[PDB]
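*Asks:* Just passing along the structure, written as structure tokens.
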Amino acid sequence: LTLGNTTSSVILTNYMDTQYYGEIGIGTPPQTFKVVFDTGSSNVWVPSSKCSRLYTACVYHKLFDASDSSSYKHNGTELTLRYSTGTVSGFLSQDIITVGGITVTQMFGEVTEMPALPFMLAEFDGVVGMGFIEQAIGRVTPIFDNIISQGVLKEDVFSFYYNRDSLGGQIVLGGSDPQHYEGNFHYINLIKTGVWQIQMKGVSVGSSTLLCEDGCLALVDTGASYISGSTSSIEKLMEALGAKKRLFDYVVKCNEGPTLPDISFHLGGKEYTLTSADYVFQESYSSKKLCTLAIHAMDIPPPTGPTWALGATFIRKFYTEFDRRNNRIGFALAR
Ligand SMILES: CC(C)CCNC(=O)[C@@H]1CNC[C@H](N2CC(=O)N(c3ccccc3Cl)CC2(C)C)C1
Ligand SMILES: *[C@@H]1O[C@H](CO)[C@@H](O)[C@H](O)[C@H]1NC(C)=O
Numbered sequence: 044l045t046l047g048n049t050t051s052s053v054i055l056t057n058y059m060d061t062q063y064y065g066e067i068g069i070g071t072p073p074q075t076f077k078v079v080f081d082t083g084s085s086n087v088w089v090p091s092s093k094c095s096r097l098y099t100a101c102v103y104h105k106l107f108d109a110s111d112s113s114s115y116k117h118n119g120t121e122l123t124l125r126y127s128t129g130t131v132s133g134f135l136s137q138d139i140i141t142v143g144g145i146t147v148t149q150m151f152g153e154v155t156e157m158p159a160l161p162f163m164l165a166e167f168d169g170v171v172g173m174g175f176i177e178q179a180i181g182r183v184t185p186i187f188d189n190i191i192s193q194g195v196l197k198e199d200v201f202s203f204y205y206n207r208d214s215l216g217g218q219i220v221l222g223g224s225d226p227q228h229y230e231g232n233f234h235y236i237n238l239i240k241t242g243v244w245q246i247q248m249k250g251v252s253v254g255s256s257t258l259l260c261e262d263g264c265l266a267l268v269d270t271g272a273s274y275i276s277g278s279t280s281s282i283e284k285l286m287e288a289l290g291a292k293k294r295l296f297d298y299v300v301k302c303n304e305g306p307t308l309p310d311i312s313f314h315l316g317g318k319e320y321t322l323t324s325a326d327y328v329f330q331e332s333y334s335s336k337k338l339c340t341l342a343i344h345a346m347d348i349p350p351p352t353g354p355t356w357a358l359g360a361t362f363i364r365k366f367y368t369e370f371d372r373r374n375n376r377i378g379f380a381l382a383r
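Quick note on numbering: the sequence shown equals residues 44 to 208, 214 to 383 in mature numbering (1 follows the signal peptide of the UniProt record, and there is no 0).
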């Protein structure tokens, strides 16, 4: 584990408080792509120029063309990424990727099949998985494991900062930016290495800790826009907020938004509270209009689930650092 002295930062654009993306470049000359950095997965992929134009999502995004890259190295093994809300498919390729000033030869997937739903709703073109190889598909080495191999990063960690719509957000590779957090960092260890998940001692909504009273799992997901729990949990949680469930999310009468109780997550002894302003898309104060909440149900299957997921809703309030070296996660108040 060679630790050098370079600390890179990736500037992020905040789209609707639901998607945080930055730029990376693939090949020579660089072909730029807008991507999301997802601690929830470990592969890197962008749409391919070989993607049939019958996939409208491909027509609406930047396409990587191997024929315009002199640094390209063929491979072709098929790859399928099945995410919680959709799937992408294609084949593996290799070329040089530039992220935050760092140039690393990376193996990525050239997607030739990306469904209109949900990808048509994606501002970004691709995803850059920030997880461990244990979660990587096709056994492809994650892009961070490769940067750590170049022994240039001061520290074997990276930090995320999600702003709330100046810069939309920021990722620091090799450290954290003291500019975006105050107070001390409070860490927790991962249940097991290979996944960015930690034990969660309990969840309290309002005056009663009616949820996860006997402990539960908490996944810290930078690629997730909201916070999620088992359908069972969310129904309890939403029942308590007085919210009514729609097809894909929960809402409340906008006038009722500001009166919503606080919601806390007991992580590693420290209490992480969010007021209604932190999880309600207060777009109106009218009683005659619905306001959606940044929390919904999601039943992640084992070995990972059942489990909660703390996404942008949570990270917007707490600066998050991911420590690969000591397999822990640290939180601090974001400023
Ligand atoms: C391969 C394996 C690790 C699956 C488990 N991990 C996950 O499913 C990933 C867990 N973190 C969030 C990931 N995202 C889901 C999603 O809904 N996204 C999204 C957001 C807004 C608009 C459109 C889209 Cl597609 C972005 C991605 C990064 C795909 C999936
Ligand atoms: C693709 O990469 C894998 C991983 O090392 C390698 O074993 C395989 O031979 C490559 N495919 C080809 C034939 O280029």
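The beta-carbon is built from N, C-alpha and C at its ideal position, and this holds for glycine as well.
Since I believe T355 is in contact with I348 (beta carbons under 8 Å), could you give me their beta-carbon distance rounded to a whole number of angstroms?
*Replies:* As a working mapping, residue 348 is identified with position 300 in the sequence shown. As a working mapping, residue 355 is identified with position 307 in the sequence shown. Confirmed, Cβ separation roughly 5 Å.
*Asks:* Which one or two residues does DSSP pair with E369 in a beta bridge?
*Replies:* Residue 369 sits at position 321 when you count from the first residue of the sequence shown. DSSP, once it has assigned bridges, lists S202 and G378 as partnering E369.
*Asks:* State the beta-bridge partners of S256 as determined by DSSP.
*Replies:* Numbered from its first residue, the sequence shown carries residue 256 at position 208. Bridge partners of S256: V253.
*Asks:* Please report how far the alpha carbon of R373 lies from the alpha carbon of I282, in whole angstroms.
*Replies:* On the sequence shown, position 325 is the one that residue 373 refers to. On the sequence shown, position 234 is the one that residue 282 refers to. Roughly 34 Å separates the two Cα atoms.
*Asks:* Nearest-angstrom Cα distance between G83 and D111?
*Replies:* Looking up residue 83 in the sequence shown gives position 40. Looking up residue 111 in the sequence shown gives position 68. If you take the alpha carbons of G83 and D111, they lie about 31 Å apart.
*Asks:* If we require 4 or more residues per run, which alpha helix (DSSP H) segments fall completely within the region 61-134?
*Replies:* List check, alpha helix (DSSP H) in window: 99-102.
*Asks:* Pick out the complete alpha helix (DSSP H) segments inside the region 291-329, 4 residues or longer, and give them in chain order.
*Replies:* List check, alpha helix (DSSP H) in window: 324-327.
*Asks:* Is there contact between the region 158-165 and the region 218-225, where contact requires at least three CB pairs shorter than 8 Å?
*Replies:* Judged by Cβ distances under 8 Å, the region 158-165 makes no contact with the region 218-225, as fewer than three pairs qualify.
*Asks:* Which residues mark the beginning and the end of the alpha helix (DSSP H) in which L289 is found?
*Replies:* Residue 289 sits at position 241 when you count from the first residue of the sequence shown. That run of the alpha helix (DSSP H) goes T279 to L289.
*Asks:* For ligand 1, is there any heavy atom lying closer than 7 Å to the beta carbon of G65?
*Replies:* Your numbering for residue 65 matches position 22 in the sequence shown. No.
*Asks:* I'd like the span of the alpha helix (DSSP H) that includes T361, first residue to last.
*Replies:* Your numbering for residue 361 matches position 313 in the sequence shown. Here the alpha helix (DSSP H) through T361 covers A360 to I363.
*Asks:* Identify the continuous alpha helix (DSSP H) that holds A159 and give its terminal residues.
*Replies:* Residue numbering aside, residue 159 sits at position 116 when the sequence shown is read from its first letter. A159 to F162 is the span of the alpha helix (DSSP H), which, as asked, contains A159.
*Asks:* Tell me, please, which residues DSSP counts as bridged to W356.
*Replies:* Position 308 of the sequence shown holds residue 356. DSSP lists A266 as partners of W356.
*Asks:* For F167, which of helix, strand or coil comes out of DSSP?
*Replies:* Taking the first residue of the sequence shown as 1, we reach residue 167 at position 124. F167: coil per DSSP, three-state reduction.
*Asks:* In the DSSP assignment, the alpha helix (DSSP H) including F187 goes from what residue to what residue?
*Replies:* If you number the sequence shown from 1, residue 187 lands on position 144. First-last of the alpha helix (DSSP H) with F187: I186 to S192.
*Asks:* With 16 as the cutoff for other CB atoms within 10 Å, does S192 come out buried or exposed?
*Replies:* Stepping through the sequence shown from its first residue, residue 192 is reached at position 149. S192 is exposed by the Cβ-count criterion.
*Asks:* Alpha carbon to alpha carbon, what distance is there between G144 and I67?
*Replies:* Within the sequence shown, the letter at position 24 stands for residue 67. Within the sequence shown, the letter at position 101 stands for residue 144. Their backbone Cα atoms lie some 9 Å apart in a straight line.
*Asks:* Taking the alpha carbon of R294 as the point to measure from, which residue in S256, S214, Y274 and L338 has its own alpha carbon closest?
*Replies:* Residue 294 sits at position 246 when you count from the first residue of the sequence shown. The candidate whose alpha carbon is nearest that of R294 is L338.
*Asks:* Counting only the same chain and skipping the five closest in sequence on each side, list residues whose C-beta sits under 6 Å from that of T257.
*Replies:* As a first step, residue 257 must be located in the sequence shown, where it is residue number 209. Once the five neighbours on either side are set aside, the close Cβ partners of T257 are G250.
*Asks:* Distance check for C302 and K336, CA to CA, integer angstroms please.
*Replies:* What you label residue 336 is simply residue 288 of the sequence shown in a count that begins at 1. What you label residue 302 is simply residue 254 of the sequence shown in a count that begins at 1. For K336 and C302, the distance between alpha carbons rounds to 8 Å.
*Asks:* Using C-beta distances below 6 Å, list every residue in its chain close to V154, excluding the 5 sequence neighbours before and after it, in chain order.
*Replies:* Within the sequence shown, residue 154 is the residue found at index 111, counting from 1. Correct list, in chain order: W88, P90, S91, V131 and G133.
*Asks:* Would you say the region 225-238 touches the region 310-318, given that touching needs at least three Cβ pairs under 8 Å?
*Replies:* Verdict: yes, contact present.
*Asks:* Any chance the CB of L124 is under 7 Å from a heavy atom of ligand 1?
*Replies:* In the sequence shown, residue 124 corresponds to position 81, counting from 1. Because some heavy atom of ligand 1 lies under 7 Å away, the Cβ of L124 counts as near it: yes.
*Asks:* Counting along the chain, where does the beta strand (DSSP E) carrying residue 211 start and finish?
*Replies:* Position 208 is followed directly by 214 in the chain, which means residue 211 is not present among the coordinates.
*Asks:* What are the boundary residues of the beta strand (DSSP E) that residue 209 is part of?
*Replies:* In the structure shown, the chain runs from 208 directly to 214, leaving residue 209 without coordinates.
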